Amino acid sequence: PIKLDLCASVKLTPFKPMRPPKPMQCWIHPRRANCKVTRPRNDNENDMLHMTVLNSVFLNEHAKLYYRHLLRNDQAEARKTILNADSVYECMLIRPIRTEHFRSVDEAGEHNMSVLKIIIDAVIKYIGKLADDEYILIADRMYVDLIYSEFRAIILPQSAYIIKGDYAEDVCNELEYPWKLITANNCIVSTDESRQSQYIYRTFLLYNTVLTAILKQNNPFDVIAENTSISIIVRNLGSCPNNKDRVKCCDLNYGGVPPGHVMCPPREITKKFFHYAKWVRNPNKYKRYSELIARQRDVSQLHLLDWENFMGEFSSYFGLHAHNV
Amino acid sequence: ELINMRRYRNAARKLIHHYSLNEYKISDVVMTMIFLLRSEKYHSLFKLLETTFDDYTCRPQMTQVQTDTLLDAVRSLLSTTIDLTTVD
Amino acid sequence: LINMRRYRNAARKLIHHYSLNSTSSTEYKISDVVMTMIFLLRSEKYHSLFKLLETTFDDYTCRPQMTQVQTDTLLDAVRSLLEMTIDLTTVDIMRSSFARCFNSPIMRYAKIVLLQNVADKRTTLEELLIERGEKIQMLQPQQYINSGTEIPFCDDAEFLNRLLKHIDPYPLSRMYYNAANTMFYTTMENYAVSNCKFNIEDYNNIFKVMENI
Amino acid sequence: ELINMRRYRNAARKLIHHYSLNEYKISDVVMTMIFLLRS
Amino acid sequence: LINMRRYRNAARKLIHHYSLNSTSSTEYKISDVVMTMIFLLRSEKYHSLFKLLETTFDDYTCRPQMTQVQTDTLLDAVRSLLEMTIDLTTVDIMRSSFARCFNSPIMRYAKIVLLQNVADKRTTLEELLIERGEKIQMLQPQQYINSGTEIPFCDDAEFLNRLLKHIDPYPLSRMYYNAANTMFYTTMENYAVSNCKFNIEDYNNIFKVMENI
Amino acid sequence: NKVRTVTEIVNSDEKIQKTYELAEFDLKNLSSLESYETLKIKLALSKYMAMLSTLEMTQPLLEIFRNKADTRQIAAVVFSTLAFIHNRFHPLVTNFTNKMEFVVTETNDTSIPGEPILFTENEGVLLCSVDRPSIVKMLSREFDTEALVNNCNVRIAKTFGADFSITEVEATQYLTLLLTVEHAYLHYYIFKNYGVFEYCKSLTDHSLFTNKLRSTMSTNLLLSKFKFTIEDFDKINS
């Protein structure tokens, strides 16, 4: 399905330059069709490689797949992008030791709290490489995909988006001297409330990743489907019996001992956040949801504070700190 | 009375229990600590908290009988059980 | 059992800070306030000040009833604690600052504020100046000077340079900080006690002028 | 008494019970061995 | 029952490594630290060190406040244990490193750490150098070597060859490693105890300069 | 940025380029300028101290203004201060006008915030109202003689490149009263140069001082030395 400004506007068959793998499955992510496991046909007893199929929409202006912007000291042995027309392919080489294997964040239900500590450390430093005025959106779920062995954790390719802000006290033009006069990077009016929305957004993403890590049942908080509103989700689940301001997460089937009330976040903060995050559908029209989280008035700030309390107690649940915010 | 210890006790119990779970005010902390200074049984936790200032310092090795006494003193302030990790 | 002297030091630093009589700017924590109020309690000769502190827990908009002899007692207590003058408006400043600390719940940052709610009607500056001038003309001037009294510049370079080298070790920058903050604190407290609007913008405009000149 | 062997025994029990059923620190194992020696 | 010999040797080797005096690097198991702790629990003269280890089992945040008689008894005990200099900062290094190990979770993968929590206020290297120079300028010299004193170069080429063949069996690289580790150890401990931030980045940049040539 | 400079002997093509960093020379120029500035200001301070001592005071300034009775010496000190200001601003006239009066205010309802000292003509000659209470309270204040006040790299580089009794606190208080009289004399300049109405307007709004003194001061102020602000506007004015 391709046309042209030509008067004929001929149909152009989208030929795909490469040959995508036929067996498009992954025992690490069996449901994820885009996940293609490929244990390289080679500590090498557990050598690894996996290709993720994504849409080229997550590509940036400089031909780079967005999430890659916050990978430093990349433990992954190899990693790079590929495109076959719209589709794209990220292949990551890895090789744990003989007594080491990596496992999908999906339905992890892991009881080893220190393994969770290392996972959260990886993801938190990852998102910390973010720029304050720069806002980020994720188009697949309300979390980040990652695979991990006890020894180390390796991020998965993500439905990542990089939108740059502009806080009116660094200018939005980066394309070099002659190119800028033609066009420039599209900023948005970055403001303190939107930035705090972004901080709490990273925080909620971390929280949801932790849930997926500690759940034996699919994490519905990660859903983004139009058909499922967060409001109805809170309605059918409820508020924590231990605290009505939170959600009834305490009663879920945790892999290990239920943290109970501990995993119950405040409700309306998460609703406002779900509707902040549905922004991803239209990243361009920013102002609708740029600061929706931190938007207003007194109820807004006080419940922002009780969410701050919930995230602070979560952090201290492993001796962490809100500097990330 | 110089100061009604009942408000101080209520603040102390509320603060300790809330933190056990995981709106208050610094004056509430003052009230809790004043009860702690006024309640000889809890004066053990009084030393514990006063040591926690400056550095987190350290909690000197505490005999079995002493720790039983403190956990009983806390349980009177609440009933469910407790342990040393809640105290920590 | 606690270090009486250490808590005494904390109390003294905290009160000298919130009294704005010490240009030294030092942060304090909830540890500091609990420490200072414990020192205030244990000090038998500061029970009255501890009870004023306890009363501040309420809305602390009341000017407490106290007889003149009790005022003598409390001023003796403050003079002993501070070991310096100081007067009643300083006590009002104490209550305002300590209680405006009390009303604040736990927060992850040290909020900066400006004195107010000290001494009733919300006042402005123009009628203040007018009433001041009319009161000045009401009173009689005390001293008169005449003659074109020569500026007595001290000619001998010996003692001029002597006093110079006396002040030469002085780290001027600290002088600037101390004196500027002294101006600021007195202006803010004088406006707050009068209930007149302390125009921080005008203070910053004085700054701006100074850089521009 | 030279140690609050209650904490030591509780740590010991938690650790061994975990290992039998299936989140601790080397602090915890040294604590466990300390209690065990005490027992 | 515990083999006094084996437990003694494990404790000695562990204290050697944690003291940084052992440039030799060897594997440490949970068995090894357990072995050392058990020796502590069995050695009465080192039961003082045992209670100190327990204090490291605590929040390890105090500055353990021991009288001077206890200080010197502890120094004697640690000296009789290590059997070498061991001194107070070495003891506080023991405390910090072993408390961190305590804190550390069990892990099939070895780890790497850098000393800190040794001697109150983080001091920037900039003002630290400023104050160092302020003393040194006042520190007048006590020795001197006037003239370009002739180098006492040893013309005994036979001596040069003899000592060369004496050092020839030496595996130069081993000593390269020993010396470089020792320099890193001294610089890191000095930054920690001085309480000045250690700049490992420029430490490596020293190497980088060395290889770029 | 950088200045390439050639060492050339025309007898041969041999040129030995040698670029020089302008940063070192800029830092030397700066350091020399601040040292000269500190020198001039401290000479002014010492000269003011010496002329005060030629007034032959016995007490230190704090006890001088502590006195509740002798307005003669308070007034003499005020005249000395203002005359010194008029002098080093306008040395050609090292003497203030011939006649003047003095009124010593003793209470807050007569002490005006912002400008505790002021002038106001009796319609025959200017007279000064002096706020002994608040000014004295100001003097008795502690000052931070113990804590240092503060680009880092420039500071560090310069640092490495580096019987009358008076204390640092005394010099602090002297600078403090000196700057207070600086401000008061600027207001008095507004008075004697633009009328009482503009005097009041400068008293209420000091941005007018830049405008008014662009005529005179530019052709000076000691307080211009450092850069001054009030702490934390980002979350004060919020």
# chains A, B, ... in the order shown; residues from 1 in each chain; ligands from 1
call {"tool": "calpha_fit_rmsd", "arguments": {"fixed": "chain E", "moving": "chain C"}}
result
1.1 Å
call {"tool": "closest_atom_pairs", "arguments": {"of": "chain B", "to": "chain A", "cutoff": "9 Å", "atoms": "only C-alpha atoms", "output": "JSON lines"}}
result
{"residue": "B:21", "atom": "CA", "partner": "A:262", "partner_atom": "CA", "distance": 8.2}
{"residue": "B:22", "atom": "CA", "partner": "A:313", "partner_atom": "CA", "distance": 5.7}
{"residue": "B:23", "atom": "CA", "partner": "A:306", "partner_atom": "CA", "distance": 8.9}
call {"tool": "write_last_selection", "arguments": {"atoms": "N, CA, C and O atoms", "output": "compact mmCIF listing (two decimals), in the first residue's frame"}}
result
# COMPACT_ATOMS: atom_id res chain seq x y z
N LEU B 21 3.27 0.20 59.46
CA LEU B 21 2.65 0.03 58.16
C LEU B 21 3.62 0.38 57.04
O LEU B 21 3.56 -0.22 55.96
N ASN B 22 4.52 1.32 57.28
CA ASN B 22 5.45 1.78 56.25
C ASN B 22 6.61 2.58 56.84
O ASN B 22 6.46 3.75 57.18
N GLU B 23 0.38 13.70 56.71
CA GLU B 23 -0.80 13.71 57.57
C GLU B 23 -0.40 14.01 59.01
O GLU B 23 -1.19 14.58 59.77
call {"tool": "residues_around", "arguments": {"residues": "residue 97 in chain F", "least_positions_apart": "3", "cutoff": "12 Å", "atoms": "only C-alpha atoms", "output": "ChimeraX atom specification"}}
result
/C:145-151 /F:79,82-83,86-87,93-94,100-101,125-127,192
call {"tool": "interface_residues", "arguments": {"of": "chain D", "to": "chain E", "cutoff": "7 Å", "atoms": "only C-alpha atoms", "output": "list in words"}}
result
residues 24, 25, 26, 27 and 30 of chain D
call {"tool": "closest_atom_pairs", "arguments": {"of": "chain A", "to": "chain D", "cutoff": "10 Å", "atoms": "only C-alpha atoms", "output": "tab-separated table"}}
result
residue	atom	partner	partner_atom	distance
A:111	CA	D:23	CA	7.2
A:112	CA	D:23	CA	4.7
A:113	CA	D:23	CA	5.0
A:114	CA	D:23	CA	5.8
A:115	CA	D:23	CA	8.2
A:116	CA	D:23	CA	9.5
A:117	CA	D:23	CA	10.0
call {"tool": "write_last_selection", "arguments": {"atoms": "N, CA, C and O atoms", "output": "tab-separated table (two decimals), in the first residue's frame"}}
result
chain	number	residue	atom	x	y	z
A	111	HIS	N	11.03	-14.76	44.40
A	111	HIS	CA	11.06	-14.50	45.84
A	111	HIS	C	12.40	-13.95	46.32
A	111	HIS	O	12.47	-13.44	47.44
A	112	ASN	N	13.45	-14.03	45.51
A	112	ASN	CA	14.77	-13.56	45.91
A	112	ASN	C	14.77	-12.04	45.80
A	112	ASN	O	14.90	-11.48	44.71
A	113	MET	N	14.64	-11.37	46.94
A	113	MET	CA	14.47	-9.92	46.90
A	113	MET	C	15.72	-9.22	46.37
A	113	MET	O	15.62	-8.14	45.79
A	114	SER	N	16.90	-9.81	46.57
A	114	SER	CA	18.12	-9.16	46.10
A	114	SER	C	18.26	-9.24	44.58
A	114	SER	O	18.83	-8.34	43.95
A	115	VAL	N	17.77	-10.32	43.97
A	115	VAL	CA	17.71	-10.37	42.52
A	115	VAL	C	16.82	-9.24	42.01
A	115	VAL	O	17.17	-8.52	41.07
A	116	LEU	N	15.66	-9.06	42.65
A	116	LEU	CA	14.82	-7.92	42.32
A	116	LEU	C	15.58	-6.61	42.53
A	116	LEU	O	15.40	-5.65	41.77
A	117	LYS	N	16.42	-6.55	43.56
A	117	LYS	CA	17.21	-5.35	43.81
A	117	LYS	C	18.11	-5.04	42.62
A	117	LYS	O	18.20	-3.89	42.18
call {"tool": "select_by_dssp", "arguments": {"residues": "range 35-138 of chain C", "states": "helix (DSSP H, G or I)", "output": "ChimeraX atom specification"}}
result
/C:35-42,44-56,68-82,88-102,126-138
call {"tool": "interface_residues", "arguments": {"of": "chain E", "to": "chain F", "cutoff": "8 Å", "atoms": "only C-alpha atoms", "output": "mmCIF file with N, CA, C and O atoms, in the first residue's frame"}}
result
data_model
loop_
_atom_site.group_PDB
_atom_site.id
_atom_site.type_symbol
_atom_site.label_atom_id
_atom_site.label_comp_id
_atom_site.auth_asym_id
_atom_site.auth_seq_id
_atom_site.Cartn_x
_atom_site.Cartn_y
_atom_site.Cartn_z
ATOM 1 N N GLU E 126 40.044 20.444 46.667
ATOM 2 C CA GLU E 126 40.497 21.793 46.349
ATOM 3 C C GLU E 126 40.866 22.556 47.617
ATOM 4 O O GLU E 126 42.010 23.000 47.783
ATOM 5 N N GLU E 127 39.908 22.714 48.532
ATOM 6 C CA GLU E 127 40.215 23.374 49.794
ATOM 7 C C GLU E 127 41.209 22.561 50.610
ATOM 8 O O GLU E 127 42.000 23.131 51.368
ATOM 9 N N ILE E 130 44.416 23.618 49.350
ATOM 10 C CA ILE E 130 44.650 24.985 49.809
ATOM 11 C C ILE E 130 45.224 24.973 51.220
ATOM 12 O O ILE E 130 46.280 25.557 51.491
ATOM 13 N N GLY E 133 48.765 23.527 51.533
ATOM 14 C CA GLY E 133 49.768 24.518 51.182
ATOM 15 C C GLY E 133 49.921 25.584 52.247
ATOM 16 O O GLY E 133 51.027 26.067 52.503
#
call {"tool": "interface_residues", "arguments": {"of": "chain B", "to": "chain E", "cutoff": "9 Å", "atoms": "only C-alpha atoms", "output": "list in words"}}
result
residues 54, 55, 56, 57, 58, 59, 60 and 61 of chain B
call {"tool": "residues_around", "arguments": {"residues": "range 39-47 of chain B", "least_positions_apart": "3", "cutoff": "8 Å", "atoms": "only C-alpha atoms", "output": "JSON, numbers by chain"}}
result
{"B": [33, 35, 36, 50, 51, 70, 73], "C": [1]}
call {"tool": "residues_around", "arguments": {"residues": "residue 16 in chain B", "least_positions_apart": "6", "cutoff": "10 Å", "atoms": "only C-alpha atoms", "output": "list in words"}}
result
residues 22, 32, 74, 77, 78, 86 and 87 of chain B
call {"tool": "write_last_selection", "arguments": {"atoms": "N, CA and C atoms", "output": "mmCIF file, in the first residue's frame"}}
result
data_model
loop_
_atom_site.group_PDB
_atom_site.id
_atom_site.type_symbol
_atom_site.label_atom_id
_atom_site.label_comp_id
_atom_site.auth_asym_id
_atom_site.auth_seq_id
_atom_site.Cartn_x
_atom_site.Cartn_y
_atom_site.Cartn_z
ATOM 1 N N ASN B 22 4.521 1.324 57.280
ATOM 2 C CA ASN B 22 5.448 1.775 56.253
ATOM 3 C C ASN B 22 6.606 2.576 56.844
ATOM 4 N N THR B 32 5.442 12.647 70.713
ATOM 5 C CA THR B 32 5.818 11.245 70.863
ATOM 6 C C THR B 32 7.110 11.125 71.657
ATOM 7 N N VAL B 74 6.425 -2.343 73.713
ATOM 8 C CA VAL B 74 5.836 -1.975 72.430
ATOM 9 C C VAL B 74 4.458 -2.609 72.278
ATOM 10 N N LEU B 77 1.863 -0.755 73.764
ATOM 11 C CA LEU B 77 1.518 0.368 72.900
ATOM 12 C C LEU B 77 0.663 -0.047 71.711
ATOM 13 N N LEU B 78 0.478 -1.343 71.485
ATOM 14 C CA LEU B 78 -0.461 -1.822 70.477
ATOM 15 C C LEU B 78 -1.451 -2.798 71.103
ATOM 16 N N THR B 86 10.651 -5.076 62.960
ATOM 17 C CA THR B 86 9.762 -3.928 63.075
ATOM 18 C C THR B 86 10.443 -2.800 63.836
ATOM 19 N N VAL B 87 11.134 -3.128 64.929
ATOM 20 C CA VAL B 87 11.853 -2.107 65.685
ATOM 21 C C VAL B 87 12.923 -1.455 64.820
#
call {"tool": "residues_around", "arguments": {"residues": "residue 197 in chain A", "least_positions_apart": "2", "cutoff": "6 Å", "atoms": "only C-alpha atoms", "output": "compact mmCIF listing (two decimals) with C-alpha atoms, in the first residue's frame"}}
result
# COMPACT_ATOMS: atom_id res chain seq x y z
CA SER A 194 5.16 18.15 33.44
CA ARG A 195 8.70 17.23 34.50
CA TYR A 199 9.59 11.57 37.14
CA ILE A 200 6.51 9.91 38.61
CA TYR A 201 6.01 8.27 35.22
CA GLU A 291 1.64 17.56 32.90
CA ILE A 293 -0.15 13.87 36.36
CA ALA A 294 1.00 17.03 38.15
call {"tool": "closest_residue", "arguments": {"among": "C:27, C:76, C:155, C:189", "to": "residue 93 in chain C", "atoms": "only C-alpha atoms"}}
result
C:189
call {"tool": "atom_distance", "arguments": {"atom1": "CA of residue 234 in chain F", "atom2": "CA of residue 176 in chain C"}}
result
22.6 Å
call {"tool": "atom_distance", "arguments": {"atom1": "CA of residue 34 in chain D", "atom2": "CA of residue 5 in chain E"}}
result
19.7 Å
